[PDB]
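Let me begin by presenting the structure, written as C-alpha cells, before commenting on it.
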Ligand SMILES: Nc1nc2c(ncn2[C@@H]2O[C@H](COP(=O)(O)OP(=O)(O)OP(=O)(O)O)[C@@H](O)[C@H]2O)c(=O)[nH]1
Ligand SMILES: Nc1nc2c(ncn2[C@@H]2O[C@H](COP(=O)(O)OP(=O)(O)O)[C@@H](O)[C@H]2O)c(=O)[nH]1
Ligand SMILES: COc1cccc(-c2cc(NCc3ccc4[nH]ccc4c3)nc(N)n2)c1
Ligand SMILES: [Ca+2]
Ligand SMILES: [Ca+2]
Ligand SMILES: [Ca+2]
Ligand SMILES: [Mg+2]
Ligand SMILES: [Mg+2]
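Chains as they are written, first to last, in the UniProt record's numbering: chain V, 1 to 440; chain X, 2 to 275, 280 to 430.
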C-alpha cells in the first residue's frame, strides 16, 4: 500500500526510466522476465517493493510505470530490449510524429491527439492501487515532448487526481549535450505551466552530471548511458525510502515536509557521493565522514550553483548501506565547524537523517564501483535560483528579437504566453531573494 | 475505580507498550495474560488497569489508536503484543504526516467515532469509571492532532470524569520534522482546557539525561522510553498497589492543582538507570530534587513550587525519609510558595520496581515549567512571523487566526505562571 506511479515522458524521460527500472530490478532481485524467486507471496503482497511493482498470478513483477513519447524509435528500443517482458504492451505508448523541439506541438498540436489515451492507461494503473500516494514524472526541459506534453499531462492529472502528490525529475539543459537553440524557450514555458501543479521537483543539470562523469569516472566524453546510470543512483537513493523499510528509514514524504516552506519553493538541490571508478575504489574504502564531506563540495551537485553564496532552508541526508547514527553524528559535527552553512533566520539548522541498510548496487559492466555505503543530500538553498537566472538570461537574449518565436506562433501560441511565463520566472527569482532576507 | 488507557500515534503507542510491559511484570502478569506472581498484593488492585477475562486471564483496559498501521503492527508483534484485546486496535491507513490539522480536522475526524465506540464498550464494563489517561506526543500529527480531538470528544460524553495525559514535548535536539513547534503549540492550547493533569515529558531532558548523566553516546528512542516507562510506573504506583493511601484521580488532582489552567507537572525519577550499590535515603531525596533528574528541561531554582509529591518505593525507614524530606525543605525553602501550607506530599510503596531495591518518583507543580512553554513559543514565532510551512496546514482548511489564537493562549499561560512565581504572602 502507498503505491507510486512513474511516468516517463520523452526521450530523456524514457531512457532515464530504462536505467532506473533496470537498477530497481537489480536492487530487488527481479529478473528481466519479471520473476523474483525471493517473493513467496504470489500474485500480491504488502511488501515495501510492492510500492513500485505490482504482481501477477504467474509471479511476474510489473513496474507501476507508463512510458510515453510522440515518436516511437526510443520506446521501440524498450519494446525489443532486454526488459521487454517486464512491461505489458499497454504501458508503452507512442505517437508517430514528435514535437520537433517545439513546446506548442507537445502541449497543443500533437499532444492533443494522445493525451486521452495516456490518461486512460494511467487510470488502469491507479485502479490497481489500494492506497495510491502520488506520481513520479520523468522528463526533460528542453525537448518539445518533455516540456510541452508534460505540462499538459500535469495539468490534466491535477484535474483527475485533485491534489494527489506529483513529483518531477527534470533534465536541465546543458550546451555540452543540448542540441537545440530553443531549449531555453521550452524550459521557461514548462516551468511556468507546471509550477502550480508540482509539489516537489528535483532538477538535474546535464552539465553537472557531465562534469562528474568526466572528473570522477575519467570518461573522456560521456554518453547518455553514462549520465543516466549515474542519474539512476540519485533517483534510487531518493526512492529507496519508499521501496525498502527498516528502523532508521525515513519516508520521502517526511523529508518533503522540511524541504518545502512555501508551495513555490519546492526545488531541492541534490548532491551525491561517492562517484568513484573501480580502479580508484580498489584499496580505498570511503568512510561515513568522507562521503558526508563530499556532500558539501559543489563539484558533486546535480545542479551547478554556489551554496556558499546563498542560505539554507533545509538539509536532509539519506544514507544507504553500512552506516550507523554514531558515525553520522560525528561527521556532521566536524562539518558544522568547518564549512559555510548559513540557515535563514526563520528555520532551525538541524539536519534530518535517514538510513537504508540495503547497500548500493551497480549495473553490470558500468563505470561506477560497488561501494559499501553512499549518501544523497537534499537541501533547500536559495543558490538554486542561479539555474533560473542563467536560463532566464538566455531566454531574454532571443525573445528580444523574437528569434524562433514564429515556430511557436505557427502552432497556435500567442506572444502573451511567452511574456506571461517569463514574468512568472521573474517573480520566482524574486521569491527566492525574499525568503533569504533576515526578519525584522 | 477503573482507569481507561489510550495511546495514540507512534510515540504514544511505543511508550504505552513499554508501560504495559513494566506494570504487567510488577503485577505478575505474563505476555499471555496469566498470573504467576508470589504475593496477593499484586492482585488487590489489578482491576484498576486490567479486566478479568474468561480463563482467569487479565486484559489491559487499553485502546490503541493510530492513523497508519505501522507502529500498531509492531506492537501486536512485540513482547507483550498478544495481551491487548484485539478489538481495541483502531487504525487508519493514510496517516497524518506529522500534521496537526490532519489528525484533528480531516484524517483523524474520519476515524474518531470508531475510537469512541471502543471507549464506550470499555466504560460500560466499569463498576465505577475513575478517569482516563492518554499517552501521546505533541510534535507529530496523530498523537498531537487526533489525540486532542479524542480528549475533546471524551469530555463531551464523560464531562464529569478526570482526563490526564502523559505528553511528550518536542525538542530540536530530538526532532523528526520542523513543524513540531506548530503542532505542539496547537496541542497545548487544547490541554490547558480539557485535561486535569498533564505530565510534561521533555525529549530534551531525556536526551541530556541519557547522554550527560548515563553516558550514552548515541541514545535511541528506546533508551528515552526506558526512562518514561519507569516514571509512569512510579506515578501510577499510588493507585496500582495497596498502601494505607486512599488515592483517587480526583482526590489527587484536588491536592495538586490550585488553579485549573496550571496543571502541567515536572516528572522526576531516581536513581537513573540504563549498578548494584545500595542507594541511601539521603541520596534518593537529594537526586529527586536535582535538576538533572527532571523529565522537563526546566530549572526548578528559576521558579517556585506550587505543590510537590514524592513517591518512594522499597523497604526503608519511613522515619528516615521524613527526616530527609523535612531536611531538603530548608535547602530549597525559598523555592516553595508560603501561601500553600504543607504543600509537599510523601507516599511510600513497599513493592520496588524491577531490579531496584529502592527508587523514588518526583511530581512537581512548579512555575518553572513556564520555561518550557517559552521555548516552544520562540520556535513557533521564529517561523510564524514569516508564515513558513503554513501551506501544509492551510491546505487542510485551517485559517491563520487559529495559529495566532493558539500563540496568544500559550503566551497567556506563560504570563499566568509568572504572576504566581512573583506572588508572596
Ligand atoms: N540527461 C539526459 N538528457 C537527455 C537525454 N536525452 C535527451 N536529453 C535532453 O533532451 C533535450 C533534447 O530534447 P529531447 O529529449 O530529444 O526532446 P523530447 O522530450 O524527446 O521531445 P521532442 O522535442 O519531440 O524531441 C536536450 O536538452 C537533452 O539534454 C538523456 O538520455 N539523458
Ligand atoms: N520518546 C520518544 N519520542 C518520540 C518517539 N517517536 C516520536 N517521538 C517524538 O514525536 C515527534 C514525532 O511525532 P510522531 O511520533 O511521528 O507523531 P505521530 O505521527 O502521531 O506518530 C518527535 O519530535 C519526537 O520527539 C519515540 O519512540 N520515543
Ligand atoms: C496520570 O494518571 C495518574 C495515574 C495514577 C496516579 C496519578 C497521580 C499520582 C500522584 N502521586 C502520588 C500522590 C501525590 C499526592 C498525594 N496526596 C495524597 C496522596 C498522594 C499521592 N499525584 C497525582 N496528582 N496523580 C496520575
Ligand atoms: Ca509480495
Ligand atoms: Ca478519506
Ligand atoms: Ca458513531
Ligand atoms: Mg523525441
Ligand atoms: Mg513519526
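Every residue gets a Cβ at the ideal spot worked out from N, C-alpha and C, and that includes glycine.
The segment 56–67 of chain X contacting the segment 78–98 of chain X, beta-carbon criterion three pairs below 8 Å: yes
Chain X within 8 Å of residue 253 of chain V, Cβ atoms only: yes
Cβ contact check for the segment 391–408 of chain X and the segment 302–311 of chain X: 3 or more pairs under 8 Å: no
Where residue 350 of chain V meets chain X, residues with beta-carbon distance less than 7 Å: 173 and 176
Three-way DSSP call (helix, strand, coil) for residue 261 of chain V in this model: coil
Secondary structure of residue 247 of chain V, DSSP reduced to three states: coil
C-beta neighbour in chain V for residue 227 of chain X, strict 8 Å: no
Span of the beta strand (DSSP E), counted from its first residue to its last, around residue 58 of chain X: 58–61
Residue 124 of chain X to residue 130 of chain X span [Cα, whole Å]: 7 Å
Proximity of residue 9 of chain V and residue 146 of chain V at Cβ, strictly below 8 Å: yes
Beta-carbon spacing of residue 349 of chain X, residue 334 of chain X below 8 Å: yes
The segment 29–45 of chain X / the segment 157–166 of chain X touching (three or more Cβ pairs under 8 Å): no
Residue 93 of chain V beta carbon less than 8 Å from that of residue 52 of chain V: no
Buried or exposed (CB count within 10 angstroms, at least 16 for buried), residue 443 of chain V: There is no way to answer for residue 443 of chain V, as the model of chain V reaches only from 1 to 440.
Around ligand 4, Cβ to any heavy atom closer than 7 Å, ordered along the chain: V/39, V/41, V/44, V/45, V/47, V/50 and V/55
8 Å Cβ cutoff, residue 212 of chain X in contact with chain A: No chain A appears in this structure, whose protein chains are V and X.
Where residue 261 of chain V meets chain X, residues with beta-carbon distance less than 7 Å: 393 and 394
Chain V contacts from the segment 87–113 of chain X (Cβ-Cβ distance under 9 Å): 94, 95, 96, 98, 99 and 100
Proximity test, residue 144 of chain X beta-carbon vs ligand 8 heavy atom, cut-off 7 Å: no
Pairwise C-alpha distance: residue 236 of chain V and residue 69 of chain V: 23 Å
Three CB pairs or more closer than 8 Å across the segment 256–270 of chain V and the segment 310–323 of chain V: yes
Residues that DSSP places opposite residue 201 of chain X in a beta bridge: X/168
Residue 167 of chain V - partner residues in DSSP beta bridges: V/136 and V/200
Supposed close pair residue 349 of chain V, residue 436 of chain V - CB separation, criterion 8 Å: Going by Cβ atoms, the distance from residue 349 of chain V to residue 436 of chain V rounds to 15 Å, so no, they are not a contact pair.
Close-in-space but distant-in-sequence residues of the same chain around residue 345 of chain X (CB under 8 Å, 5 per side omitted): 259, 311 and 312
Extent of the continuous alpha helix (DSSP H) run through residue 424 of chain V: 415–436
Proximity winner among V/430, V/351, V/394 and V/376, relative to residue 176 of chain X (alpha-carbon distances): V/351
Closer than 7 Å: residue 183 of chain V CB and nearest ligand 1 heavy atom: yes
Residue 150 of chain X beta carbon less than 8 Å from that of residue 190 of chain X: no
Contact under 8 Å by Cβ, residue 118 of chain V with residue 169 of chain V: no
Any chain V beta carbon closer than 8 Å to residue 351 of chain X: no
Secondary structure, beta strand (DSSP E): runs of 3+ residues fully inside the segment 258–310 of chain V: 269–273
Residue 13 of chain X beta carbon near ligand 8 (any heavy atom closer than 7 Å): no
Rounded straight-line distance, which links the Cα of residue 48 of chain V to that of residue 400 of chain X: 28 Å
Run of the alpha helix (DSSP H) containing residue 28 of chain V, from where it starts to where it stops: 10–28
Beta carbon proximity, residue 179 of chain X to chain V, threshold 8 Å: yes
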